[PDB]
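**Q**
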Amino acid sequence: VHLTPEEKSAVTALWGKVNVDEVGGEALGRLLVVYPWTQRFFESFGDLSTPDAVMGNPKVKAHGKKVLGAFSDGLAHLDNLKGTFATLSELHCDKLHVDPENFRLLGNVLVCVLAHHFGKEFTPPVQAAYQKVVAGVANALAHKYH
Amino acid sequence: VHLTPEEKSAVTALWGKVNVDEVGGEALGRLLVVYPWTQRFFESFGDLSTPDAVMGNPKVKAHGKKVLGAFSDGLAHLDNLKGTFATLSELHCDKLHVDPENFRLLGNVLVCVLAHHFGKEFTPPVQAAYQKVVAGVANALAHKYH
Amino acid sequence: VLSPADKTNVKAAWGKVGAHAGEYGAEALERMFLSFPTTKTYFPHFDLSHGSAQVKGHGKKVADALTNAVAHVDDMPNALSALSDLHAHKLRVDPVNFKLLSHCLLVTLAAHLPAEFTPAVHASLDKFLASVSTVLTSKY
Amino acid sequence: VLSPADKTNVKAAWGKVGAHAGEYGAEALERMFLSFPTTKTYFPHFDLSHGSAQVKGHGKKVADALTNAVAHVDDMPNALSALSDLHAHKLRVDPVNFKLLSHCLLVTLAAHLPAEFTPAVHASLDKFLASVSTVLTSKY
Ligand code: HEM
Ligand code: HEM
Ligand code: HEM
Ligand code: HEM
Numbered sequence: 001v002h003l004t005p006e007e008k009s010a011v012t013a014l015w016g017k018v019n020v021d022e023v024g025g026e027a028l029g030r031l032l033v034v035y036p037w038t039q040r041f042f043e044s045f046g047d048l049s050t051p052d053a054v055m056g057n058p059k060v061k062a063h064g065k066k067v068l069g070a071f072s073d074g075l076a077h078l079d080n081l082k083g084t085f086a087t088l089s090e091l092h093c094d095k096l097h098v099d100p101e102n103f104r105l106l107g108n109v110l111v112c113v114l115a116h117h118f119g120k121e122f123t124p125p126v127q128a129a130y131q132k133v134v135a136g137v138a139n140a141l142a143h144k145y146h
Numbered sequence: 001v002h003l004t005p006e007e008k009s010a011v012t013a014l015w016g017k018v019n020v021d022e023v024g025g026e027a028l029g030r031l032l033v034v035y036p037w038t039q040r041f042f043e044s045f046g047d048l049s050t051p052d053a054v055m056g057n058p059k060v061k062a063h064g065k066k067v068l069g070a071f072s073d074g075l076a077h078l079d080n081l082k083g084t085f086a087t088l089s090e091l092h093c094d095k096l097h098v099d100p101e102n103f104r105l106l107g108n109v110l111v112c113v114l115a116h117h118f119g120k121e122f123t124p125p126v127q128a129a130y131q132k133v134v135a136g137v138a139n140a141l142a143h144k145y146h
Numbered sequence: 001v002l003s004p005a006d007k008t009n010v011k012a013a014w015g016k017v018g019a020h021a022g023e024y025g026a027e028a029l030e031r032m033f034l035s036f037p038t039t040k041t042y043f044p045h046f047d048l049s050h051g052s053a054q055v056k057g058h059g060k061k062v063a064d065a066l067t068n069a070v071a072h073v074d075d076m077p078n079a080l081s082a083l084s085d086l087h088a089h090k091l092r093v094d095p096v097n098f099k100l101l102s103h104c105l106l107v108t109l110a111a112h113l114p115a116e117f118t119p120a121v122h123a124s125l126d127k128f129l130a131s132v133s134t135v136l137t138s139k140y
Numbered sequence: 001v002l003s004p005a006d007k008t009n010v011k012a013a014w015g016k017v018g019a020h021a022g023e024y025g026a027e028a029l030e031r032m033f034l035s036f037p038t039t040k041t042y043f044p045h046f047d048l049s050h051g052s053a054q055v056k057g058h059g060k061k062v063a064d065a066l067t068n069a070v071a072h073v074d075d076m077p078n079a080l081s082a083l084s085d086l087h088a089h090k091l092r093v094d095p096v097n098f099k100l101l102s103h104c105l106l107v108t109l110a111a112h113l114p115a116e117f118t119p120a121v122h123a124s125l126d127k128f129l130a131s132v133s134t135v136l137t138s139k140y
């Protein structure tokens with residue numbers, strides 16, 4: 001995926017102020033709450049019965065932290081997205097058999113979470129830049145299905 | 001998009017027998033009937049108000065023939081579908097602005113047509129080989145969006 | 001909703017299945033498992049060998065359930081209420097997989113109904129299986 | 001279907017839009033045009049640039065329809081019948097595009113109502129916009 005120099009500059013500027021410890025778990029939590037079929041894949045994580053349980057779950061938060069780590073890698077290597085996600089693609093595709101549709105859902109949940117935290121700063125031009133990233137990450141993570 | 005040596009033979013054997021002058025039109029026809037919103041791109045084509053009109057339309061059949069040409073040209077270049085379809089990618093993506101999801105729907109409608117014309121001969125082993133081809137054509141047509 | 005023509009076409013084409021319903025279910029399940037291997041993970045302990053009795057038996061139940069849904073075509077949300085809770089609450093089936101089975105049931109009908117699978121009937125069956133799919137994914 | 005909890009959630013959240021309906025509606029269209037440029041083709045007769053009065057005007061109609069739909073939550077098929085007819089028959093809007101606008105409405109609401117946009121309300125709002133989108137593509 002091709003970001004313009006201004007887009008790339010705006011994306012990085014926003015990502016710098018993301019709380020690497022909470023945002024990942026907020027995205028992963030909302031996925032499990034909003035698209036409950038995704039819970040099929042985290043039965044090991046314990047109580048996911050209610051929204052507040054899912055968002056309170058220490059394992060959802062700790063896993064979220066790893067999920068954001070992988071987006072940070074992606075941002076750092078936008079010209080090598082397929083490679084960055086090669087190991088995670090064979091994990092999610094060959095071993096877990098997650099439908100690549102859910103990759104795109106998590107991405108859009110991530111965008112909602114960034115919008116919810118940054119308010120006026122998350123402008124439409126900034127959103128458009130981020131919708132190219134998460135689409136790129138989704139396509140990259142789905143390589144083992146292609 | 002990796003077809004095994006037997007998958008490529010099953011795909012080739014079947015394709016050889018396809019009536020090159022009708023199957024295209026049948027695929028594009030059923031797309032317009034089953035997915036009406038698709039007629040939006042083919043207002044230049046005249047009467048599309050009923051199934052019979054759609055299948056009877058000389059421009060539908062004339063156009064169906066050009067679509068099946070592009071599928072034939074993909075089946076002879078399975079190892080590089082990005083390059084076979086990068087001309088047609090630009091057209092549908094930058095010029096015509098077709099949402100890439102519709103490439104998938106035409107793919108599956110063509111699979112339904114091949115199923116209608118060959119009967120028992122279109123076994124799952126053969127369908128499964130074609131699902132890889134249509135998914136591959138769709139992914140390559142959509143590449144000027146990635 | 002489904003036009004009174006759509007129901008007539010669904011009741012016409014599915015009525016012709018009749019006895020072979022059990023065998024078409026099995027073929028549509030085989031078709032989905034081969035075309036879309038992600039679906040196999042919902043059946044981890046199944047014998048998925050070609051013409052396995054277990055798949056024939058499951059193709060039977062799916063086929064019977066669709067038969068029921070044609071008979072309660074005006075009353076599907078309540079006909080398939082227990083089947084909704086199963087697919088949604090217990091099994092957590094990804095909505096996407098319903099479009100995959102629905103498509104593989106279309107390929108199976110076209111391959112078994114040469115004269116009967118006209119564009120019109122195709123569109124009606126498609127709309128029908130989309131309706132069943134909406135009900136089965138409804139309890140999220 | 002939407003639950004008592006979900007209706008409560010949508011009425012509470014959408015209630016806080018108030019006089020900003022047109023502003024929110026117009027921001028959501030702008031987000032959709034910039035992020036998903038394929039949507040720009042449905043409005044060829046509009047200036048789609050930032051600050052556009054056609055977009056602000058259309059934003060207001062879109063948001064007003066949503067307020068109307070919130071108020072007819074238990075009776076949406078009939079409330080949006082006319083709108084479904086415009087979107088399905090006349091305009092022929094690709095159902096994919098409703099997902100894209102729906103995502104941008106959630107993003108807009110997320111950016112403007114921080115305290116309101118909890119996980120539970122996010123889930124309710126998403127369900128509601130899916131329900132709106134289903135009715136607006138019902139005449140397909
Ligand atoms: C861009 C989207 C996504 C990213 C970046 C992502 C990233 C990751 C990462 C970094 C791991 C940990 C790798 C390891 O420890 O070896 C992981 C594990 C996992 N992911 Fe994802 N993921 C994504 C989407 C999804 C979705 C949509 C699902 C399911 C609906 C999913 C299910 C899982 C599961 C089940 C695990 C293993 C968890 C465990 O057993 O402990 N992922 N993912
Ligand atoms: C596998 C999927 C598809 C293939 C292989 C395909 C292939 C083609 C080909 C070969 C042409 C002729 C280009 C030329 O003569 O220069 C064409 C034109 C076109 N395609 Fe597609 N296409 C596909 C899907 C779609 C879909 C889904 C739509 C719309 C929903 C679409 C809309 C068009 C339109 C509007 C034209 C121009 C028609 C005209 O000249 O009036 N295509 N496509
Ligand atoms: C038209 C669509 C579908 C129909 C009519 C249907 C119907 C049924 C029926 C009748 C049962 C038997 C349940 C019982 O005995 O109470 C069942 C079970 C099941 N269905 Fe479906 N189903 C559909 C789609 C799907 C899809 C798409 C999947 C997965 C990709 C799926 C996965 C299952 C599983 C895992 C079971 C339980 C089997 C077991 O005992 O291990 N279904 N379904
Ligand atoms: C929740 C989703 C939506 C709502 C509530 C909505 C609502 C409306 C309303 C109220 C109108 C004007 C009715 C009138 O003036 O008579 C309208 C017109 C229109 N809508 Fe939508 N809409 C939605 C989604 C979409 C989407 C996704 C698209 C395209 C991607 C779209 C394209 C249009 C177009 C082209 C018009 C015509 C406006 C004009 O004539 O300039 N709508 N919509």
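Residue numbers (the deposited numbering), protein chains in the order written: chain D, 1 to 146; chain B, 1 to 146; chain A, 1 to 140; chain C, 1 to 140. Cβ coordinates follow ideal geometry from the N, Cα and C atoms, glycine included.
Within the 7 angstroms Cβ cut-off, does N139/B reach chain D?
**A** Output row for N139/B: interface = yes.
**Q** Looking at the unbroken alpha helix (DSSP H) that takes in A21/C, where does it start and where does it end?
**A** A21/C -> alpha helix (DSSP H) spans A21 to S35.
**Q** Would you mind working out which of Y140/A, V73/A and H122/A sits nearest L91/A, comparing C-alpha positions?
**A** Answer by Cα proximity: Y140/A.
**Q** Look at the alpha carbon of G15/A and the alpha carbon of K7/A, and state the distance between them as a whole number of angstroms.
**A** About 12 angstroms.
**Q** Are the C-beta atoms of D47/B and some chain C residue less than 7 angstroms apart?
**A** By this cut-off, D47/B is not an interface position.
**Q** Name the two residues that bound the continuous alpha helix (DSSP H) containing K127/C.
**A** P119 to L136 is the extent of the alpha helix (DSSP H) around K127/C.
**Q** Examine ligand 2 and report whether any of its heavy atoms sits within less than 6 angstroms of the Cβ of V98/B.
**A** Result yes, Cβ under 6 angstroms from ligand 2.
**Q** Would the C-beta of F117/C count as close to ligand 1, meaning under 6 angstroms from any of its heavy atoms?
**A** Incorrect: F117/C has no Cβ contact closer than 6 angstroms to ligand 1.
**Q** Which one of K11/C, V62/C, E116/C and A5/C has the shortest CA to CA distance from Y24/C?
**A** Of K11/C, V62/C, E116/C and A5/C, the residue nearest in Cα terms is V62/C.
**Q** DSSP on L113/C, reduced to helix/strand/coil?
**A** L113/C: coil per DSSP, three-state reduction.
**Q** Using a Cβ-Cβ distance under 7 angstroms, would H92/B count as near chain D?
**A** Judged by the 7 angstroms Cβ criterion, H92/B is not in contact with chain D.
**Q** Suppose the cutoff is 7 angstroms on Cβ atoms and the five residues either side in sequence are ignored; what does the same chain contact list for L88/B look like?
**A** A70 and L141.
**Q** Run the CB neighbour count on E27/C, radius 10 Å, all protein chains shown included, and call it buried at 16 or more, exposed below.
**A** With 16 or more Cβ atoms within 10 Å of its Cβ, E27/C is classed as buried.
**Q** Give me, in chain order, the residues of the same chain whose beta-carbon lies closer than 6 angstroms to that of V93/C; leave out the 5 immediate sequence neighbours on both sides.
**A** The answer, listed in chain order, is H87.
**Q** With 7 angstroms set as the bound, which would you pick, yes or no: does the beta-carbon of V107/C sit closer than that to a beta-carbon of chain D?
**A** So yes, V107/C belongs to the interface.
**Q** Taking the beta carbon of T41/A as the centre, do at least 16 other beta carbons fall within 10 Å, making it buried, or is it exposed?
**A** So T41/A counts as exposed.
**Q** Name the two residues that bound the continuous alpha helix (DSSP H) containing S49/D.
**A** Careful: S49/D lies outside any alpha helix (DSSP H) and carries neither H nor E.
**Q** What residues in the region 25-51 of chain B bring their beta carbon closer than 8 angstroms to a beta carbon of chain A?
**A** From the region 25-51 of chain B, only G29, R30, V33, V34 and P51 have a Cβ closer than 8 angstroms to chain A.
**Q** Here's the rule I'm using: 16 or more other beta-carbon atoms within 10 Å means buried, otherwise exposed. How should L96/D be labelled?
**A** So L96/D ends up on the exposed side.
**Q** Less than 7 angstroms between CB atoms is the rule here; does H116/B satisfy it with respect to chain D?
**A** Closer than 7 angstroms: no.
**Q** Counting only Cβ pairs nearer than 7 angstroms, list the residues of chain D close to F117/C.
**A** Within chain D, the residues near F117/C are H116.
**Q** Below 8 angstroms CB to CB, which residues in the same chain sit around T12/B once its five sequence neighbours on both sides are set aside?
**A** Excluding sequence neighbours, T12/B sits near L75.
**Q** Who are the neighbours of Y140/C on chain B, taking C-beta pairs under 7 angstroms?
**A** Ordered by position in chain B, the residues that pass the 7 angstroms Cβ test against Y140/C are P36 and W37.
**Q** Which one of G59/A, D47/A and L101/A has the shortest CA to CA distance from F128/A?
**A** Here the closest residue by C-alpha is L101/A.
**Q** Per DSSP, what kind of secondary structure is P95/C in: helix, strand or coil?
**A** Coil, per DSSP.
**Q** Considering only heavy atoms of ligand 4, does any lie closer than 6 angstroms to the CB of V93/C?
**A** Yes, Cβ of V93/C sits closer than 6 angstroms to a heavy atom of ligand 4.
**Q** Tell me the residue span of the alpha helix (DSSP H) that contains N57/D.
**A** Looking at the DSSP string, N57/D is not in any alpha helix (DSSP H), and its letter there is neither H nor E.
**Q** Quick check: does the Cβ of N68/A come within less than 6 angstroms of any heavy atom belonging to ligand 3?
**A** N68/A Cβ: outside cutoff for every heavy atom of ligand 3.
**Q** If you measure from the beta carbon of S35/C to each beta carbon in chain D, is any gap under 7 angstroms?
**A** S35/C counts as touching chain D.
**Q** Measuring only the C-alpha atoms, how far is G83/D from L2/C?
**A** Near 42 angstroms, if we compare the C-alpha coordinates of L2/C and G83/D.
**Q** Which residues in the same chain as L106/D place their Cβ atom closer than 6 angstroms to its Cβ, once the five residues preceding and following it in sequence are excluded?
**A** Excluding sequence neighbours, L106/D sits near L31.
**Q** Can you name, in chain order, every residue of its own chain whose Cβ lies under 7 angstroms from the Cβ of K11/A, other than the five neighbours on each side?
**A** Taken in chain order, the residues that qualify are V70.
**Q** Which ranges does the alpha helix (DSSP H) cover as unbroken runs of at least 4 residues, wholly within the region 56-86 of chain D, from first to last along the chain?
**A** Qualifying alpha helix (DSSP H) stretches, in chain order: 58-76 and 81-84.
**Q** Between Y130/B and ligand 6, is there a pair consisting of the residue's CB and a ligand heavy atom that are separated by less than 6 angstroms?
**A** With respect to ligand 6, the structure shown offers nothing to examine, as its ligands consist of ligand 1, ligand 2, ligand 3 and ligand 4.
**Q** Among the residues of its own chain, which have a CB less than 7 angstroms from the CB of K59/D, if the five just before and after it don't count?
**A** Hits under 7 angstroms: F45 and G46.
**Q** Between which two residues does the alpha helix (DSSP H) containing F41/B stretch?
**A** Segment: none, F41/B is in no alpha helix (DSSP H) and carries neither H nor E.
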